[PDB]
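Trainee:
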Amino acid sequence: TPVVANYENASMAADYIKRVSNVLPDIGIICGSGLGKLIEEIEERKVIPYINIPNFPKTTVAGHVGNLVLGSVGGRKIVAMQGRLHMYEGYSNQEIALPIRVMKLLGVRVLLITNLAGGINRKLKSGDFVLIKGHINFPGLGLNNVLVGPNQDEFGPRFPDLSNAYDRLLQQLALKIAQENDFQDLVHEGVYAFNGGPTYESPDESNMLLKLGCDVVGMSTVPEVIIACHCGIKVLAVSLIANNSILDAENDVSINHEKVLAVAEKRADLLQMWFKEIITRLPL
Amino acid sequence: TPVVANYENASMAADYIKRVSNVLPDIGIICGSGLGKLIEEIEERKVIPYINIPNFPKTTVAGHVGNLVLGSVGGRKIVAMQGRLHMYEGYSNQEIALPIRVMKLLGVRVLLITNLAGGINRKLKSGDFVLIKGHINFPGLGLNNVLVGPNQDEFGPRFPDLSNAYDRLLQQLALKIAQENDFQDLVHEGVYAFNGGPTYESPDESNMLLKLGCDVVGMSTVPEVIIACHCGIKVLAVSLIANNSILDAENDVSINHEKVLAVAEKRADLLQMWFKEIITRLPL
Amino acid sequence: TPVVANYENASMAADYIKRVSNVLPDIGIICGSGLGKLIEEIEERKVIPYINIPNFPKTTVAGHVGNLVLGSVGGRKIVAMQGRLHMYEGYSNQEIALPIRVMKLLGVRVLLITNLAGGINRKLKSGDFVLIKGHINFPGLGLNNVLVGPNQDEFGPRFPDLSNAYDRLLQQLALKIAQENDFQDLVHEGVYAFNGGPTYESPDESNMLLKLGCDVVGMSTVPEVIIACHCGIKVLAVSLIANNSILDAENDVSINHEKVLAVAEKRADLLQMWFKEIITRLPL
Ligand SMILES: Nc1ncnc2[nH]cnc12
Ligand SMILES: Nc1ncnc2[nH]cnc12
Ligand SMILES: Nc1ncnc2[nH]cnc12
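Residue numbers (the entry's author numbering), protein chains in the order written: chain A, 3 to 286; chain A', 3 to 286; chain A'', 3 to 286. A prime marks a further copy of an entry chain.
1) Might you give, ordered along the chain, the residues of its own chain that have their beta carbon closer than 7 angstroms to the beta carbon of A/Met83, omitting 5 neighbours on each side?
2) Classify A''/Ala7 as helix, strand or coil using the three-state DSSP reduction.
3) In its own chain, which residues sit with a C-beta less than 7 angstroms from the C-beta of A''/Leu107, not counting the 5 before and 5 after it?
4) Please classify A'/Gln154 as buried or exposed, where buried requires at least 16 other C-beta atoms within 10 Å of its C-beta.
5) Can we count A'/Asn197 as close to ligand 2, meaning its CB is less than 7 angstroms from some heavy atom?
6) Indicate, with yes or no, if ligand 2 has a heavy atom lying under 7 angstroms from the CB of A'/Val262.
7) Report buried or exposed for A''/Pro4, applying the criterion of at least 16 other Cβ atoms within 10 angstroms of its Cβ.
8) Between A''/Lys125 and A''/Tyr168, is the Cβ-Cβ spacing less than 8 angstroms?
9) Would you kindly work out how many angstroms separate the C-alpha atoms of A''/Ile19 and A''/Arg283, rounded to a whole number?
10) Assuming A'/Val193 and A'/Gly215 are in contact, meaning their beta carbons sit under 8 angstroms apart, how far apart are those beta carbons, in whole angstroms?
11) Do you know whose CA, among A'/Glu252, A'/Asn197, A'/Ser247, A'/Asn8, lies nearest A'/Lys261's CA?
12) Under the three-state reduction of DSSP, which class applies to A'/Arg170: helix, strand or coil?
13) Within 8 angstroms, do at least three Cβ pairs link the segment 239-256 of chain A to the segment 127-143 of chain A?
14) Take A''/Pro152 as the anchor and find which of A''/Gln96, A''/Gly30, A''/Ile235 has the nearest alpha-carbon.
15) Considering just the uninterrupted stretch of the beta strand (DSSP E) at A/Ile122, what are its terminal residues?
16) With DSSP as the reference, identify every bridge partner of A/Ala266, one or two as the case may be.
17) Between the beta-carbon of A''/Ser204 and the beta-carbon of A'/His137, is there less than 8 angstroms?
18) Is there contact between the segment 159-178 of chain A and the segment 108-119 of chain A', where contact requires at least three CB pairs shorter than 8 angstroms?
19) For A''/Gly73 versus A''/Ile44, is the C-beta spacing smaller than 8 angstroms?
20) Give the list of continuous beta strand (DSSP E) stretches no shorter than 3 residues that lie fully inside the segment 158-233 of chain A'.
21) On the criterion of 16 or more Cβ atoms from any shown chain inside 10 Å, does A/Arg269 qualify as buried, or is it exposed?
22) Rounded to whole angstroms, what is the Cα-Cα separation between A''/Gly234 and A''/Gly158?
23) Are the C-beta atoms of A''/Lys48 and some chain A' residue less than 8 angstroms apart?
24) By Cβ distance below 6 angstroms, which residues in the same chain neighbour A/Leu113 in space, the five residues on each side in sequence not counted?
25) Tell me the DSSP secondary structure of A/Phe277 in three-state form.
26) So which of A/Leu145, A/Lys48, A/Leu40, A/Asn8 has the shortest CA-CA distance to A'/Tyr202?
27) Quick check on A'/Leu211 - is its C-beta less than 8 angstroms from some C-beta in chain A''?
28) Provide the residue(s) that pair with A/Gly109 in DSSP beta bridges, ordered along the chain.
29) Any beta carbon from chain A' within less than 8 angstroms of A/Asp155's own beta carbon?
30) On the DSSP letters alone, give me the boundaries of the alpha helix (DSSP H) that A''/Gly73 sits inside.
31) For ligand 5, is there a heavy atom less than 7 angstroms away from the beta-carbon of A/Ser256?
32) Would A''/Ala264 be called buried (16 or more neighbouring beta carbons within 10 Å of its own) or exposed?
33) Would a check of beta-carbon distances place A''/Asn146 closer than 8 angstroms to chain A'?
34) Between A'/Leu118 and ligand 2, is the CB less than 7 angstroms from at least one heavy atom?
35) Is A/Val219 close to ligand 1? I mean its beta-carbon at under 7 angstroms from any heavy atom of the ligand.
36) Given a cut-off of 8 angstroms on the beta-carbon distance, is the pair A''/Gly199 and A'/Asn147 in contact?
Shown next, in the form of structure tokens:
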């Protein structure tokens, strides 16, 4: 009744999308806030508002942009989510999962994701990038995993294994490209902690995450990764570090969304170029 | 309106059960998947589908077996749940609690529980058993405890103490019987971490649970233990170890439900015999 | 439809309150159970049952007292919540937040909060007080933060920073007053862990909280602190220690609500006097 992310409902959305554009995409992309410039450069693009697509989640309470964009990047066919859905806004498990399962039915085999996040590991500075190699899902441990509910068997198994959720060869490709352009000094690898949000982590929470072996903390990405891994889509996820929360606690410095967006502004053009090349070089 | 697990609603279920069978059970049992063979050996048994019992939770979305079975084991009178309710399927706190409170009103004084779980402690191997001596309830710490909601005063207190939830004399009895049959080399004791599920723990989550002093991790049992302790029912809970998740992470080996069920097949007959004897020897 | 804690709904409640009493309060207070004697000493007081105020949450399932009390303490104008709302009772994020946002619209600039809690740090004894200097919010990390949902922009920002949620000058004032009355030997400072509840922490959970750097654990206060910090209200929060859970685990001693209330009885008159003086000395 609130629309389950099942096979029938995802197929109705895919059918509408397929007859309004001619694109069969191979690659899906979800971009962090302030990091979406690539979506404006999509060639021969079709913009489809969420509100026009059967069974897509209602987003008018939050407002702001919400479109699916289809077209070509680097000669590859892609579908993009413009205006991300975050669980701290109150969206349900079924609302998060439906767009990813629609990507699957359209033919997406690889999903590329970027986000903004806080740095925990003392090696991370403002403006650095982290290739995510694993995660700690505090909502999942505490009975709010994105897959709680009946399993949708056509998409995947009841009990997924997440050992390979972050594709190893895609991490090596993203690192190689940073080396060819001489910005590998900005690129780290690390473990991502999912904090449901929307408050930033307190100083004592940051210090707990350091003891637990977390390198980065943020409020997104893990739900989409789990839905993708469930249905067999490979994932690359990159965090842009806004601040080092441990260092900020030692110096009594606050974090705010204005400072976050300025960091996004500083790195946006480098990230757009990086991901355009990753898309171009991605293995068939 | 979704049916609260209160005194009136539990009594209507108990009244139907009492007039369809003649069994006043003293012992309740909840068996892990693939571990239910004992329930087929119940003597002079009465099988009651959940769907026939007033106020029992609806389970048709998930499908598969769901019956209450009453009868005799080892000369003792028992009630069994055949087809367990798990919180990762989306059942509410009230749906989990009602069958246990029905057991209470029928006269159950001891609840025996088995499950499948992942090994964290490096001493545990595939096929070992763990007598649970305590737990870490990540859903409870994070506002999804099975008792969140109004308290049902006829069953127990607002703020239960869980210091004695896992009965010490029942652990010693289960260990004694393993010694008399010379399989005590398979039996450990340990602390159980509740992961809401349904994804298996990621490698970085497993390594966090090791740092936190957890010996075993699984997706069930803690909700039923808490409802039982609330209303004064003594508990014995045993985990069958499917794999050692820490060792699997070091060697890059995946876990899947097929491997889990094969372990259950390998130990099912030993576990049935063990629990039949525990039931026989249980103190009045 | 379950009544959102938005600007329009909070203003209707404030408007009713404002025309039934003549008090424009500067200070809000929320008192722990057994710790409410100060509210009976409020001078020229007006008692307003929650059930009479537009948009206030329904509390008849739990029963027991629920009033807002307005009047004067130490020459200062205050509003008190008599009968606290706890999230383990099943109240929603919107029900917790609405009374605090009503306090804001009435003119409250400082919120004083007391609670009962378990001691983790080995320096804490039954009957001690802890000035809270920071927190670890396990519900917030696990997608049950009090602010999950649409943001109410008139009250505060989408992503609050909690670095200064516990006002430093108010902690120094409360400590100074304990020194002037020679009971500073009872007063500590510490980090508070929020356990959703309503079961007390198990022995293995207590030992985990010790490893994570928590000094005290309880079932309240963090939700109200976060709503207050969101809308710019300064906070002082004090825990009264009922028992030391680590020492109790080593000696196999149970905790129960009866023992908790006896500790509250033993300290109630000292706490009332302390807070009356804090209220008197609070900076304009
Ligand atoms: N410190 C931080 N900076 C940016 N995004 C975040 N998400 C969570 N914590 C964050
Ligand atoms: N590794 C594992 N094996 C079996 N059951 C589990 N439940 C949670 N983790 C598990
Ligand atoms: N041990 C304890 N004593 C009193 N209140 C508590 N709240 C949580 N744990 C507590």
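Positions of the beta carbon are idealized from the N, C-alpha and C atoms, including for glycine.
Mentor: Well, looking at it:
1) Residue numbering aside, residue 83 of chain A sits at position 81 when the first sequence is read from its first letter. Contacts found: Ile32, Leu70, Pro101.
2) On the third sequence, position 5 is the one that residue 7 of chain A'' refers to. In this structure, A''/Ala7 counts as coil in the three-state DSSP scheme.
3) Against the third sequence, residue 107 of chain A'' aligns to sequence position 105. In its chain, beyond the 5 residues on either side, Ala12, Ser13, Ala16 have a beta carbon closer than 7 angstroms to the beta carbon of A''/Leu107.
4) Locating residue 154 of chain A' in the second sequence gives position 152, where the first residue counts as 1. Buried is the label assigned to A'/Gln154, since at least 16 other Cβ atoms lie within 10 Å of its Cβ.
5) Locating residue 197 of chain A' in the second sequence gives position 195, counting from the first residue. Indeed, a heavy atom of ligand 2 lies less than 7 angstroms from the Cβ.
6) Looking up residue 262 of chain A' in the second sequence gives position 260. Yes, the Cβ of A'/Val262 comes within 7 angstroms of a heavy atom of ligand 2.
7) Within the third sequence, numbered from 1, the residue matching residue 4 of chain A'' stands at position 2. When all chains shown are included, A''/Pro4 counts as exposed.
8) Taking the third sequence and counting its residues from 1, the one referred to as residue 125 of chain A'' is at position 123. Taking the third sequence and counting its residues from 1, the one referred to as residue 168 of chain A'' is at position 166. Not closer than 8 angstroms, so no.
9) Here residue 19 of chain A'' refers to the residue found at position 17 of the third sequence. Here residue 283 of chain A'' refers to the residue found at position 281 of the third sequence. The straight-line gap separating the alpha-carbon atoms of A''/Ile19 and A''/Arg283 is approximately 26 angstroms.
10) Looking up residue 193 of chain A' in the second sequence gives position 191. Looking up residue 215 of chain A' in the second sequence gives position 213. Indeed they touch by this definition, with Cβ atoms about 6 angstroms apart.
11) As a working note, residue 261 of chain A' is residue 259 in the second sequence. For A'/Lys261, the closest C-alpha among the options A'/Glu252, A'/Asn197, A'/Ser247, A'/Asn8 is that of A'/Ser247.
12) Stepping through the second sequence from its first residue, residue 170 of chain A' is reached at position 168. Residue state, collapsed to three classes: helix.
13) Touching, yes.
14) Mapped onto the third sequence, residue 152 of chain A'' falls at position 150. Looking at the Cα atoms, A''/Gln96 is the closest of the given residues.
15) Counted from its first residue, the first sequence places residue 122 of chain A at position 120. Per DSSP, A/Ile122 belongs to no beta strand (DSSP E) and is neither H nor E.
16) In the first sequence, counting from the first residue as 1, residue 266 of chain A sits at position 264. DSSP, once it has assigned bridges, lists no residue as partnering A/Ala266.
17) Residue mapping note: residue 204 of chain A'' aligns to position 202 of the third sequence, counting from 1. Residue mapping note: residue 137 of chain A' aligns to position 135 of the second sequence, counting from 1. Annotated as proximal: A''/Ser204 and A'/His137, with beta-carbon spacing under 8 angstroms.
18) In short, these stretches do not touch, since the Cβ pair count stays below three.
19) Residue 73 of chain A'' sits at position 71 when you count from the first residue of the third sequence. Residue 44 of chain A'' sits at position 42 when you count from the first residue of the third sequence. Result yes, Cβ atoms of A''/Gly73 and A''/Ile44 sit closer than 8 angstroms.
20) Within the segment 158-233 of chain A', the complete beta strand (DSSP E) runs of at least 3 residues are 189-196, 218-220.
21) In the first sequence, counting from the first residue as 1, residue 269 of chain A sits at position 267. That one is buried.
22) Start at 1 with the first residue of the third sequence, and residue 234 of chain A'' comes out as number 232. Start at 1 with the first residue of the third sequence, and residue 158 of chain A'' comes out as number 156. Those two C-alpha atoms are separated by around 8 angstroms.
23) On the third sequence, residue 48 of chain A'' is found 46 positions in, with the first residue counted as 1. Not closer than 8 angstroms to any Cβ of chain A', the Cβ of A''/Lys48 fails to qualify, so no.
24) Position 111 of the first sequence, counted from the first residue, corresponds to residue 113 of chain A. Excluding its 5 nearest sequence neighbours in each direction, A/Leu113 has C-beta neighbours in its own chain below 6 angstroms: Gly30, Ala230, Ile235, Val237, listed in chain order.
25) Taking the first sequence and counting its residues from 1, the one referred to as residue 277 of chain A is at position 275. Residue state for A/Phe277 is assigned as helix, using DSSP reduced to three classes.
26) Here residue 202 of chain A' corresponds to residue number 200 of the second sequence, with the count starting at 1. From the listed residues A/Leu145, A/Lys48, A/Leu40, A/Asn8, the smallest Cα separation to A'/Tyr202 is found for A/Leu145.
27) Position 209 of the second sequence holds residue 211 of chain A'. So, not an interface residue.
28) The sequence position of residue 109 of chain A within the first sequence is 107, counting from 1. Partner(s): none; A/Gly109 has no beta bridge.
29) Residue numbering aside, residue 155 of chain A sits at position 153 when the first sequence is read from its first letter. Not an interface residue.
30) Residue 73 of chain A'' sits at position 71 when you count from the first residue of the third sequence. In the DSSP assignment, A''/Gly73 falls outside any alpha helix (DSSP H) and lies within the beta strand (DSSP E) extending over 69-75.
31) Of the ligands one can find in the structure shown, namely ligand 1, ligand 2 and ligand 3, none is ligand 5.
32) Your numbering for residue 264 of chain A'' matches position 262 in the third sequence. Counting the other CB atoms within 10 Å of its CB gives A''/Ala264 a total below 16, which places it among the exposed residues.
33) For this step, residue 146 of chain A'' is matched to residue 144 along the third sequence. It does: the Cβ of A''/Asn146 has a partner Cβ on chain A' nearer than 8 angstroms.
34) Here residue 118 of chain A' refers to the residue found at position 116 when the second sequence is read from its first residue. Correct: A'/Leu118 has its Cβ closer than 7 angstroms to ligand 2.
35) As a first step, residue 219 of chain A must be located in the first sequence, where it is residue number 217. For A/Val219, the CB falls within less than 7 angstroms of some heavy atom of ligand 1.
36) As a first step, residue 199 of chain A'' must be located in the third sequence, where it is residue number 197. As a first step, residue 147 of chain A' must be located in the second sequence, where it is residue number 145. Between A''/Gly199 and A'/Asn147, the CB-CB gap stays under 8 angstroms.
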